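Whatever order the structure lists them in is the order used to number ligands and atoms, beginning at 1. Computation of the quantities below employed the complete heavy-atom set of this structure, encompassing side-chain atoms and omitting hydrogens, waters and symmetry-equivalent molecules. The sequence lines fix the lettering, A, B, ..., with proteins before strands; numbering per chain opens at 1.
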2 protein chains.
Amino acid sequence: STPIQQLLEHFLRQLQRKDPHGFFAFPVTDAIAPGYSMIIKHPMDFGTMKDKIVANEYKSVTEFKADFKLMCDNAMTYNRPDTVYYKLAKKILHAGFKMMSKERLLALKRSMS
Amino acid sequence: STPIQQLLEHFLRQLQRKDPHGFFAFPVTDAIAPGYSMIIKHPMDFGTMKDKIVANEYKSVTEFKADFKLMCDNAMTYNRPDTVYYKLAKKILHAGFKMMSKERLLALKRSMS
Ligand SMILES: Cc1cc(=O)n(C)c2cc(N3C(=O)CC[C@H](NS(=O)(=O)CC(C)C)[C@H]3c3ccc(Cl)cc3)ccc12
Ligand SMILES: Cc1cc(=O)n(C)c2cc(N3C(=O)CC[C@H](NS(=O)(=O)CC(C)C)[C@H]3c3ccc(Cl)cc3)ccc12
């Protein structure tokens with residue numbers, strides 16, 4: 001492993017701690033969510049993101065954040081706002097934006113300087 | 001845990017992997033290393049470094065790197081060059097210097113955007 005990979009694993013672990021049921025742990029299938037494939041063409045989940053970190057496919061935090069936002073956006077797109085899935089996705093979306101904001105990334109940069 | 005703590009735990013883990021017998025895992029006593037405290041006025045070891053990470057006593061990678069360097073220097077000052085201790089400290093020093101170089105850290109900071 002590498003430093004960028006460890007920081008992204010950290011951010012991932014912190015986000016996944018907010019999903020203790022594991023709603024977003026693994027890909028949604030049509031078996032569990034009828035019509036999911038019809039509505040969601042760009043699927044994402046925390047397991048996939050973990051595999052992508054391990055293969056070093058994220059070249060920046062911006063790239064990692066985009067997949068994270070995509071996962072949350074898919075949950076809010078397929079599910080209606082009165083479901084546990086939508087509500088949690090909105091919450092964790094906010095937490096991730098705060099955790100990985102410019103201001104936060106700047107303080108971390110200081111500690112590498 | 002914080003992002004800096006996680007980064008430092010990564011560097012520490014990678015360096016300890018190079019010391020499977022734990023030569024540097026805990027403080028050297030004078031019973032095991034006669035006269036050590038006469039030669040070495042600022043002891044350091046991987047166990048202490050871990051405790052400092054946990055206690056949040058590193059302001060930067062520079063500070064951590066300085067403890068690692070101190071650990072290696074102590075080994076290379078006290079022990080004779082034909083010893084396992086000297087030779088392993090030198091090997092580990094070089095590996096650490098490669099892993100925590102300014103160049104590596106600039107690259108890592110670029111990826112935090
Ligand atoms: C209908 C539906 C939509 C949706 O967007 N998500 C994220 C769901 C997640 C569901 N899951 C749960 O409600 C409980 C956790 C479960 N994840 S898990 O099986 O990997 C077990 C966890 C402890 C690791 C998740 C889920 C996700 C995919 C599938 Cl195929 C089944 C259930 C079920 C339905 C949906
Ligand atoms: C003589 C000597 C000098 C020195 O600089 N070092 C680092 C030493 C390390 C020594 N140790 C070993 O040779 C084997 C490992 C041992 N570390 S450990 O007790 O923590 C075993 C581990 C698997 C948990 C190490 C050592 C370090 C501290 C002490 Cl007090 C005794 C032995 C022994 C002698 C010296």
Return the set of residues passing side chain to side chain donor-acceptor pair (under 3.5 Å) with B:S60 (not counting sequence neighbours), or none when no residue passes. none
May I have the step-by-step check of side-chain hydrogen bond (donor to acceptor under 3.5 Å, both in side chains) for B:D45 and B:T48, ending in yes or no? CA-CA 6 Å; B:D45 62 283; B:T48 299; 2.7 Å; yes
Residues, nucleotides or ligands: over 12 heavy atoms within 6.0 Å of A:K59 NZ: yes
Salt-bridge contact B:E9-B:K50 (side-chain N to carboxylate O under 4.0 Å): yes
Close N/O pairs between ligand 2 and protein, under 3.5 Å:
from     : atom 1 : to    : atom 2 : distance (Å)
ligand 2 : 5 (O)  : B:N79 : ND2    : 3.0
ligand 2 : 13 (O) : B:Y85 : OH     : 3.2
ligand 2 : 17 (N) : B:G22 : O      : 2.7

Tell me the closest heavy-atom pair linking B:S1 and A:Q14, and the distance in Å. O-NE2, 4.5 Å
Within 6.0 angstrom of B:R13 CZ, more than 12 heavy atoms from elsewhere: yes
